[PDB]
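Trainee: Submitted below is the structure of interest, expressed as structure tokens.
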RNA sequence: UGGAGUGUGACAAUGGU
RNA sequence: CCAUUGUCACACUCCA
Ligand SMILES: [Mg+2]
């Protein structure tokens, strides 16, 4: 039917003013009429068809139409200011640069602003040039060259969206690099970086220049007045040392001097960017959020939708100022640490912190391990020193480490990885009278080349041993931060936890810490390798302790090729021995939660990540039906209130600060503070969703996460969801900062990306039991 | 593959005509 | 055709 409505706006948190990029567009719903084309031929060239329509209209702008400027999308459709008096016009206006075109002519906001978007694209095409959807214009921000002849301006790309303030036009900034409009002499001088007038060019250099100039339009300069432009037919094999240029038809071999041509501002694309060019473009493409806001503001002031014949003939209005919206800043939560450490409560300042004089909540006390060395550079002494230093860092960071390994560090070679792992596991099994190995510190080389894949495939699919890898350069140059951040992984990998929310411990967080609640997750990772052969694999994670929700336990399965839905939540196959057996992922995760806590969950919160607005409804229907069926098949009369929350990240809605000279910014990359929520004036007006940016920026802008709360049953308040999501966004296991998208929907993608190595329709090999209950993937 | 983030390229899924 | 999103790869920056 319909999604879950909005139960209001929040009030808690501080106040601040954020200026997003959503220019409100006063829609002119006076009158708009569509039309069509009755053409006997067919032209597939968008630009050519557009020129045709323009010329044909000019041929009869005032003769028959009358004081009108009709539009044209690019298909069988024309949009005017109304219904024109004529009904049976006949025109066969040809184009000369050649077939007769015989013709016989015969809810309020959506259609009107679809016409608005059509005329927007028409204006952009008429003024600037088109390129992969995004229009780019030179005279925007003083374009400058970044390479030999490649110079990059600042383009843009609009998209109307039916937001809350009345539908609004959107704007973003995209950059492309095109060749400079300079004489060929200077172009060659900059390309080769050497003297060219007195120094003859080599054959390889000549071939490179010919390839670079292939397809480049050139205008003759030997004529003062007739500077006709021609396409480059080729370069002749034979300052007279400069080879002649072939233009025109291949049969009509015309030779011109290299100095008798010029660049005609190339249209589509230049030669593929190199390493030295991509770095400069990256240095220029993304700037501080202040500069991003300035360019977004400028690209509409320059484009000037206000003063335009189309705007005059329709009345459409777009304010040249970015939208100003109020957006509360949620407060950071309190974190409880083990009492043995100097500090027991640390609050995150700007969304990040470090464990100075702090100790993890639970130390799993690893006492058996081995270190396998997959390299020739690092040797026994260096590997033993690295292991000892990691042990000392782990002991000072919270859990006891056995100072000496079970077996001496078994050096090996990359090719015999299976033999090395088998020997190490079996030797250490033989010793200690058969006690399983807690962890193995692999040390794999810099450019492993599937060694990492083979290692993390064997150690989990076949052996059942929790592993941990470190590159060679880190071993050679160890740092306290690096050792601490690997110690966090080692601690969470053994079923322990290291950070816990103070609110959850006290059982005070709303609608979560009063009855058993499990916070799920989901994601997919398509193969992008061939077609119909490599299955796309799906992952699901779920919490496994109610008083504090920090421990997850994921499990993965393969599914059909490039299917976005999580194919198998609840699958039933006939089994004559047992009957109509059930299974999937939901049954297994609920069973694991029940075993690991004691009480069946009584409220499911689900964080399905990565779906499109086009298929929100279909994915909601299928996943929620699967959840209901799975839970109903676990115990009769067991229907927990589910709460879908779809997470999106790749969205083109930025967020800046009202004044960029104040304390309303982070330490660096002075965009918004970590924790802002913007659920007013930029969102789906009738569906409950809210932007959010829980992660401190580092450079460039900060792409806020766009949570889109789908079907909701247990009646969360909007402030309740915002607070719970921001708070949950802090308890990240493998890091000490604040994550962008919440860990329940982060671990899913992380485990799905992990599971791609397990394969080598066609389900993946199962994970061993003793590496499933713990966070193997993280 | 210590981790977090934001730029680009390539490829891909889905909604309306 | 017009979009909304996703995966992968590379580059850069930052952490005690
Ligand atoms: Mg993902």
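Trainee: Within region A:531-554, name every residue whose backbone N is under 14 Å away from a label modeled 7 Å from Cα of residue A:571 along the Cβ vector.
Mentor: Within reach of a label on residue A:571, which here means backbone N under 14 Å from a point 7 Å along Cα→Cβ, region A:531-554 contributes A:535-540.
Trainee: A further question on this structure: Measuring from a point 7 Å past the Cα of residue A:202 along Cα-to-C-beta, which residues in region A:139-163 have an amide N at less than 20 Å?
Mentor: A:148
Trainee: Testing the spin-label approximation: label points 7 Å from Cα along Cα→Cβ at residue A:634 and residue A:768. State their distance in nm.
Mentor: According to this spin-label approximation, the distance is 2.8 nm.
Trainee: Next question, about the same structure. For A:192, A:444, what's the fewest-to-most ordering of other Cβ within 10 Å of each Cβ?
Mentor: Ranking A:192, A:444 by Cβ neighbours within 10 Å, fewest first, gives A:192, A:444.
Trainee: Can you compute the radius of gyration and Dmax for region A:329-507, using only the Cα atoms, both in Å?
Mentor: Every Cα atom of region A:329-507 included, Rg and Dmax give 17.9, 58 Å.
Trainee: I've got another one for you. Using a simple spin-label model with points 7 Å from Cα along the Cα→Cβ vector, what separation in nm is obtained for residue A:304 and residue A:625?
Mentor: Distance between label points: 5.6 nm.
Trainee: Express as a percent, rounded to the nearest 5, the fraction of DSSP beta bridges in chain A (both residues included) that run antiparallel.
Mentor: If I count the DSSP bridges inside chain A, around 75 percent turn out antiparallel.
Trainee: If we sort A:4-16, A:708-720 on the protection proxy, mean other Cβ atoms within 10 Å, highest first, what's the order?
Mentor: A:708-720, A:4-16
Trainee: So the label point goes 7 Å from the Cα of residue A:392 along Cα→C-beta, right? Which residues of region A:458-493 then have their backbone N under 17 Å from it?
Mentor: Answer for region A:458-493: A:475-487.
Trainee: Calculate for chain A the 222 nm mean residue ellipticity that helices alone would give, adding -39,500 (n - 2.57) per DSSP H run of length 4 or more and normalising by residue count, nearest 500 deg cm²/dmol.
Mentor: -8000 deg cm²/dmol
Trainee: Starting from the exponent 0.38 and prefactor 2.2 Å, build the expected Rg for region A:508-778 from its residue count and divide its actual Cα Rg by it.
Mentor: Dividing the Cα radius of gyration by 2.2 N^0.38 Å gives 1.04.
Trainee: Tell me the label-point distance for the pair residue A:89, residue A:419, using the 7 Å Cα-to-Cβ offset, in nm and rounded to one decimal.
Mentor: With each label placed 7 Å out from Cα toward Cβ, I get 8.3 nm.
Trainee: Applying a 10 Å radius around every beta-carbon, put A:27-36, A:498-507 in order of their mean neighbour count, most first.
Mentor: Taking the mean over residues of other Cβ atoms within 10 Å, the ranking is A:498-507, A:27-36.
Trainee: Please compute P(r) over all alpha-carbon pairs of region A:465-580, binned at 10 Å starting from zero, and give each bin as a whole-number percent.
Mentor: Answer for region A:465-580: a P(r) of 11, 23, 27, 28, 10, 2, 0 percent.
Trainee: Once Rh for chain A is found with the Kirkwood sum over Cα pairs, what is the Stokes-Einstein diffusion coefficient at 37 °C and 0.692 mPa s, in µm²/s?
Mentor: This corresponds to a translational diffusion coefficient of 106 µm²/s.
Trainee: Another question, then. With bins 10 Å wide starting at 0, give me the P(r) of region A:221-343 over every alpha carbon pair, in whole percents.
Mentor: For region A:221-343, the binned pair fractions read 8, 16, 17, 19, 19, 9, 5, 5, 2 percent.
Trainee: Same structure, new question: Per-residue counts of other Cβ atoms within 10 Å, averaged by peptide: what ranking do you get for A:250-260, A:694-704, highest first?
Mentor: Ranked by mean Cβ neighbours within 10 Å, highest first: A:694-704, A:250-260.
Trainee: Report the extension gain between residue A:431 and residue A:282 in nm, rounded to one decimal, defined as 0.36 nm multiplied by the number of residues separating them, less their alpha carbon distance.
Mentor: Result for the pair: 48.2 nm of gain on full extension.
Trainee: For region A:508-778, give the share of DSSP beta bridges that are antiparallel, in percent and rounded to the nearest 5; count only bridges with both residues there.
Mentor: Rounded to the nearest five, the antiparallel share is 75 percent.
Trainee: From the alpha carbon gyration tensor of region A:180-268, can you work out the equivalent ellipsoid semi-axes (sqrt of 5 times each eigenvalue) and give them in Å, largest to smallest?
Mentor: Here the semi-axes work out to 19, 15, 13 Å.
Trainee: Suppose the chain between residue A:62 and residue A:14 were pulled fully straight at 0.36 nm per residue; how much longer would it get relative to their current alpha carbon spacing?
Mentor: 11.3 nm
Trainee: For a quick check: sort A:428, A:367 by the number of other beta carbons within 10 angstrom, fewest at the front.
Mentor: Least crowded to most crowded, the residues run A:367, A:428.
Trainee: Moving on to the next point. Between residue A:367 and residue A:715, what length comes free when the chain is fully extended (0.36 nm per residue of separation minus the Cα-Cα distance, one decimal in nm)?
Mentor: Contour length minus Cα-Cα distance gives 120.6 nm.
Read-outs throughout are calculated quantities, based only on the coordinates presented, and are distinct from any laboratory measurement. Neighbour counts are summed over all protein chains in view; Cβ atoms, including those assigned to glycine, are modelled from backbone coordinates with ideal geometry.
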